[PDB]
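Residue numbering restarts at 1 for every chain, and letters A, B, ... go by the order of the sequence lines.
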Amino acid sequence: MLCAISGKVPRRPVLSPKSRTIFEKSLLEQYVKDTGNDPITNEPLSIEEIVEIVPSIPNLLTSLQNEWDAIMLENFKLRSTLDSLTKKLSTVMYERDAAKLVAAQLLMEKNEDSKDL
Amino acid sequence: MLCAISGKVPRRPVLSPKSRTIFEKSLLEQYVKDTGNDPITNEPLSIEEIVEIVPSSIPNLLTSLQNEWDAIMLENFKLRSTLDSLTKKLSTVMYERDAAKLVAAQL
Amino acid sequence: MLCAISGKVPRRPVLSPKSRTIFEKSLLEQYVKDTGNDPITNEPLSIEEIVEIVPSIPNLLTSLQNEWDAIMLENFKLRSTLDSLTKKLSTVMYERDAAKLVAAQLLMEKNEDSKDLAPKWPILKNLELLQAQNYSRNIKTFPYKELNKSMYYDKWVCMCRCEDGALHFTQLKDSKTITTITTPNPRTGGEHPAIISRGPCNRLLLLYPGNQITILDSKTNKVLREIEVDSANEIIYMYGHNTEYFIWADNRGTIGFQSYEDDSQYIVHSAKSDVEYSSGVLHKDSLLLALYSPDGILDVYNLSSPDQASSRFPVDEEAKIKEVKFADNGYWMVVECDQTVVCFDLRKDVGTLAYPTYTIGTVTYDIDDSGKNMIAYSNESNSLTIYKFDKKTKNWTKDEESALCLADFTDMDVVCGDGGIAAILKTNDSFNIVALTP
Amino acid sequence: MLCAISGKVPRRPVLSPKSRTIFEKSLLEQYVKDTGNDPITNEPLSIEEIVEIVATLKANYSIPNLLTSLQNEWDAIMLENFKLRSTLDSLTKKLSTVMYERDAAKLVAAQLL
Amino acid sequence: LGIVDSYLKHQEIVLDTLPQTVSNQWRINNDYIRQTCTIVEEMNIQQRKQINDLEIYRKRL
Amino acid sequence: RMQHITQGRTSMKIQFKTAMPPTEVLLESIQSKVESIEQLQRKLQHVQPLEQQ
């Protein structure tokens with residue numbers, strides 16, 4: 001079982017009754033403090049509704065470095081892929097903005113159609 | 001995260017809201033269908049109140065490294081506690097020796 | 001570890017066993033003398049029950065924990081956001097179609113709508129190449145006004161080649177006279193100067209990295225002076241024909257004057273935190289300095305009044321400023337963007353244009369010092385087009401086009417004077433000089 | 001108020017009532033689980049008897065800088081534990097020799113008296 | 001490449017990262033240390049006084 | 001980007017260079033005093049046994 005925020009096995013695991021999902025305590029608590037919500041469903045969630053769940057040596061820092069850089073590559077691939085999707089969505093935003101721009105232009109040209117007689 | 005009944009990582013993980021405890025789905029449901037209760041606390045528990053957990057190491061690494069730091073600092077302080085007590089014993093023996101050296105200097 | 005009463009670190013710490021709380025000794029002891037109690041729990045406490053106390057790695061671990069917390073919340077929101085945006089992306093692909101229901105019903109309604117419905121330039125049709133040479137495009141070489149034998153000014157345009165430990169300067173004001181002057185490069189490692197400007201009496205200002213200026217006499221080839229300017233910010237403007245002083249400016253907008261001959265110097269504006277400039281230009285009256293960068297920042301400073309705030313001129317960030325000029329009329333500030341020109345009227349309120357901005361990747365252009373003649377080169381047709389700003393129609397009107405008989409030209413500059421109009425056409429490595437003739 | 005075990009400010013400060021001394025929680029608790037005792041006085045000490053008690057630089061702002069600082073301090077305490085063991089040896093030797101120096105001084109006293 | 005990929009993300013963390021800290025954190029850190037220095041000096045002196053008081057007790061007894 | 005971060009860092013470094021040399025000078029004073037204190041403990045707990053003896 002992994003935390004849905006971190007994708008990692010929690011040290012202090014918790015469960016939301018809304019999303020029915022495992023989280024790390026600190027992460028779901030921080031999320032609820034900042035938003036008042038469940039992270040998956042976006043429904044209102046109070047902290048008191050969170051269910052707290054009742055229960056290599058010199059290389060360990062190189063292991064951390066590699067695993068942390070695995071977070072950090074993952075954070076890049078997320079951020080970069082999310083940037084490419086925000087890019088195509090920015091063009092779709094120009095599609096919806098130019099749709100509003102052209103629709104504005106065409107509701108003018110609807111007055112034009114109304115005087116074409 | 002282990003099932004309280006089996007002690008193992010569940011195949012279909014669920015939580016009782018009453019005991020706030022992870023179970024294997026069927027192990028908790030066998031108790032609820034029979035008794036209508038949570039098996040740890042004997043509080044009333046329906047199947048609809050069982051929370052069925054939707055399926056999905058750095059803080060483990062931090063925990064391990066922190067417990068390794070604990071073990072390091074305990075080793076280094078069993079060394080320091082020995083060093084402080086032995087330097088106190090050394091100074092004790094050295095001064096009692098000096099009391100006898102004041103005697104030998106007179107002699 | 002703070003005392004609960006004072007909120008401050010104790011100098012003789014004690015613990016109450018009742019509240020499990022650290023106190024300053026005296027504060028807890030006084031509170032117990034006044035009340036017989038613990039202060040937090042109010043439970044009965046004698047003085048004697050108080051425990052007197054016998055006299056960055058884990059902080060880094062909890063730090064990396066809270067960092068991991070913040071980044072996991074971050075990668076989480078990136079996952080949630082990526083899902084929300086791909087949802088909005090399939091939904092806005094559908095909004096292209098939903099727009100096609102409402103907006104394309106409106107487009108078929110509009111298909112049904114539209115269905116039911118200073119000297120003056122002569123005529124110049126011939127040209128010739130006068131020069132072709134290599135140059136160092138990273139050596140920003142400012143043009144200079146010079147007073148003719150008739151007492152009026154001609155602008156000279158200059159290109160620099162730094163090679164084999166020498167600086168070579170090609171200079172012209174018109175198609176009649178082109179001159180190449182050579183001096184050593186004074187710098188010992190052969191490092192190229194970033195900015196060059198003429199000063200009076202054969203002086204040459206050479207700017208080097210680390211804000212070091214060398215004054216070189218261009219006829220004796222002797223170093224007259226070395227000046228190290230007191231700014232941590234890169235100098236991006238330096239100009240000599242202001243005549244005791246040259247002027248310089250930071251990319252942060254410090255503006256300073258410096259004497260050629262001695263230590264007489266002063267600062268008229270100080271570095272701002274929230275700007276970057278890449279270049280500058282000085283007005284003919286020598287009181288207005290425009291500092292700019294391509295991202296639409298264009299600030300004009302009044303050098304007569306150090307306390308007068310800079311005027312910010314509105315340019316779109318996507319327009320990309322190539323150059324700013326002040327026209328000979330003294331009241332047009334001409335902003336050459338990549339594909340369009342923005343011309344501000346300086347008599348009026350800040351941001352007032354002289355004429356509406358209009359658009360005529362293939363083309364480079366330059367406007368003359370009048371602000372009213374333009375030459376543009378097309379890399380598709382390999383031809384020069386002349387545009388004139390028409391005083392009746394308030395727009396740039398195409399007047400003539402002439403073809404070159406030849407790489408792409410990425411930049412260009414125009415010169416004109418009594419000898420005739422010339423275009424300096426620039427590649428990244430080389431330039432051509434073309435006379436325009438009847 | 002620094003931890004007697006670590007010489008740092010505790011993350012989770014605790015007092016042993018036996019030694020009346022301040023510790024980091026996990027360090028004192030690790031001794032108590034290992035020994036049942038106070039690590040200063042060797043007196044019996046349960047977990048229940050432990051009285052629990054109710055910045056980073058401008059450059060210490062990046063994971064490479066923070067991990068390299070961490071690994072530096074961690075490697076430092078590891079070579080520090082090895083040297084602490086080797087200096088503790090030099091004092092243990094000197095203790096056994098000086099204890100017998102006291103006893104031999106008592107023999108030299110018996111000769112001279 | 002992949003080291004630079006993760007390090008560019010690292011840079012994006014370093015960017016975000018202190019206004020809260022700017023005064024107070026280092027103010028508290030310093031003032032806490034000044035407290036520790038003050039009590040450390042006092043503890044030096046207090047020890048010294050205890051040495052002398054125990055030596056005089058031996059000399060008297 | 002690395003320089004942009006460094007401009008941020010500088011904006012803080014100029015602020016915190018007021019506080020950072022105090023924290024350094026203070027921590028150096030700690031390291032000087034704690035040596036002086038440990039020596040004081042050692043002699044105290046040698047004269048306490050000689051008081052009993």
Side-chain angles (χ1 to χ4, degrees), chain B residues 1-9 18-22 40-43 56-59 62-63 65-66 68-74 77 79-83 85 87 90-92 95 98-100 103-105 107, chain D residues 3-8 11 19 23-35 37-42 63 67 70-71 73-74 77-79 82 84-88 90 92 95-97 100 103-105 108-110 112:
Chain B
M1 293 278 76
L2 296 310
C3 173
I5 297 164
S6 75
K8 307 307 122 205
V9 181
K18 311 297 169 158
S19 53
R20 301 212 295 167
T21 292
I22 303 302
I40 292 177
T41 70
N42 207 23
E43 291 166 292
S56 301
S57 179
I58 298 285
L62 286 166
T63 301
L65 179 61
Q66 181 277 328
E68 292 155 39
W69 177 85
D70 297 330
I72 292 159
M73 296 310 282
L74 177 138
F77 193 76
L79 293 171
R80 287 191 274 281
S81 184
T82 297
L83 198 154
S85 59
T87 207
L90 167 59
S91 51
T92 306
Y95 280 67
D98 180 55
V103 172
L107 278 291
Chain D
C3 176
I5 293 164
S6 70
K8 302 292 84 178
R11 299 277 63 78
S19 56
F23 305 93
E24 171 50 39
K25 177 188 171 64
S26 293
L27 303 183
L28 186 65
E29 290 183 359
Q30 197 181 24
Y31 279 112
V32 166
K33 292 184 295 182
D34 185 40
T35 70
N37 298 345
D38 181 297
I40 306 295
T41 67
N42 202 39
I63 295 300
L67 285 174
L70 191 178
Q71 186 154 10
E73 299 332 303
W74 192 87
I77 67 164
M78 292 291 281
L79 63 91
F82 182 91
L84 173 62
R85 186 170 69 192
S86 305
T87 189
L88 177 147
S90 74
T92 303
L95 173 60
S96 302
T97 64
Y100 318 146
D103 299 346
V108 175
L112 294 171

Quiz item: If every non-hydrogen atom of D:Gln30 is compared with every non-hydrogen atom of B:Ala71, which pair is closest and at what distance?
Solution: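 Smallest heavy-atom distance, with atoms named: OE1-N, 3.4 Å.
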Self-check item: For D:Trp74 against B:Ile72, the heavy-atom pair lying closest together
Solution: NE1-CD1, 3.5 Å
For the [atom1] atom of [X] and the [atom2] atom of [Y], what is their distance to the nearest 0.5 Å?
X: D:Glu24; Y: B:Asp70; atom1: CD; atom2: CG; value: 7.5 Å
X: D:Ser96; Y: B:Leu90; atom1: OG; atom2: CG; value: 10.0 Å
X: D:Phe23; Y: B:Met73; atom1: CZ; atom2: CE; value: 13.0 Å

Practice problem: Start with the C-alpha distance between B:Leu83 and D:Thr92, add both sets of side-chain angles, then the distance that settles side-chain contact (heavy atoms from CB on, under 4.5 Å), and finish with yes or no. | Solution: CA-CA 8 Å; B:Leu83 198 154; D:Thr92 303; over 6 Å; no
Self-check item: Pairwise side-chain contact, B:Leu79 with D:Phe82, heavy-atom cut-off 4.5 Å (strictly under)
Solution: no
Quiz prompt | Backbone N/O of D:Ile5 and side chain of B:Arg80: donor-acceptor pair under 3.5 Å | solution =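 Yes, B:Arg80 side chain to D:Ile5 backbone: donor-acceptor pair under 3.5 Å.
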Quiz item: Any donor-acceptor pair under 3.5 Å linking the side chain of B:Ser81 with the backbone of D:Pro39?
Solution: yes
